[PDB]
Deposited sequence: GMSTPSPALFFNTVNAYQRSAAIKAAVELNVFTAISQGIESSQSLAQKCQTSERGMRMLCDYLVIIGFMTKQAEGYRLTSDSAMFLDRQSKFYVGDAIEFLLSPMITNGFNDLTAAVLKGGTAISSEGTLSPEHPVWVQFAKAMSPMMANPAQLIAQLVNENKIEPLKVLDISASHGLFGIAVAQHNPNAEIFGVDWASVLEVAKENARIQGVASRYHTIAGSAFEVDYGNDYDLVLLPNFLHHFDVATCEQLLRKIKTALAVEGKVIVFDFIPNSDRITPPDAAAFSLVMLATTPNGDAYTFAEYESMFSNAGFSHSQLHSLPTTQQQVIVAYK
């Protein structure tokens, strides 16, 4: 039988976002933790009205974050692991970036973006110089990037760099992990100055500050230097049109040493542009927030590297992690 349920669930999907934002901001999951709490008790613990807590928690049960037992609400394993502040795997503060109005405003008029072919946000959306949303990204999103940074590092350890450039270093964890596994590596991070403050702090925390160097400014304007064994591009290229990525890849080529390598870490959808769903859905994010950005397929990236003068590019799917890697060879 045919049904308008998808339509209506989709129309009202914004409510789920608001519900999880409230839950996180109010520490609801931390208050429940691995036990069972009534809404009356969560009201006391989180300092809210009881009826408000009850209506929120019933909804959180309805959409899958918790269960409702006789004696109260209980987290699912996933909420206990990822949303309870007591857990080492807590990612709940990612909303500081993901639900930043600096990001969500692009979706306030997606019709406008579809009409014009890119972000309806004033200027160049999130690509304006030193946009503060990238400080929020660097602070808020680093927990989920820790593991892939380590994976890329141990994929690099099969190569041995002495000189590393990390372009849009952000939190700095990709270059920092290279430094962690390679005692003779010197790391150069390129980002806006206020973002590199985070990267530096993370290098400090990780014990590699003395081998961590910064080149503040636009990846397109700064002088990188040269003789780089390894150039990392984590979650950068998707923001720009193809010509701009090509401009960047030529600059990178000049800076590489003889046997130099570029590692791209990004959302790389299959050629269908609909799978994997999370990778492929990122193209709407690029429409909403950037003028000409896209979630580019491997074939598209292979062609950019080919046109920028590289000899060979190769996909490493990395099934253990959400995003995908391309290694290019000078």
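- Of the deposited sequence, positions 1 to 3, 162 to 163 lack any modelled C-alpha atom.
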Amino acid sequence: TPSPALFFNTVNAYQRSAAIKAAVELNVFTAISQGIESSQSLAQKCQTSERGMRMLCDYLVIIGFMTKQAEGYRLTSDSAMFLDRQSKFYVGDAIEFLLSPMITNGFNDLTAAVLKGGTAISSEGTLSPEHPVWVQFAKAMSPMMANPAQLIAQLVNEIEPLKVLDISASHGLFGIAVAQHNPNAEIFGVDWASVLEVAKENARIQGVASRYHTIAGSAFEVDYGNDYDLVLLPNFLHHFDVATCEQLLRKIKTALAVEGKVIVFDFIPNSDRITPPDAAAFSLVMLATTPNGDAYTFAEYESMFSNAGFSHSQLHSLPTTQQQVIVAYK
From here on, numbers count along this sequence of modelled residues.
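- Here the stretch with the larger average CA B-factor, out of 84 to 92 and 215 to 223, is 215 to 223.
- Stretch comparison (20 to 28 versus 315 to 323) by mean CA B-factor in the PDB entry places 315 to 323 on top.
- Note on 129, 132, 118, 172: the highest value goes to 129, judged by CA B factor as recorded.
- As recorded in the PDB entry, 261 shows the highest C-alpha B-factor of the residues 273, 51, 261, 68.
- Per the deposited record, the Cα B-factor of residue 237 falls in the lowest third when ranked against the other modelled residues of its chain.
- For residue 111, the recorded CA temperature factor ranks within the lowest third of the chain's modelled residues.
- In the PDB entry, residue 296 places in the middle third of its chain by CA B-factor.
- Annotation for residue 198: C-alpha temperature factor in the middle third relative to the rest of the modelled chain, per the entry.
- In this PDB entry, the Cα temperature factor of residue 78 sits in the bottom third of its chain's modelled residues, the lowest group.
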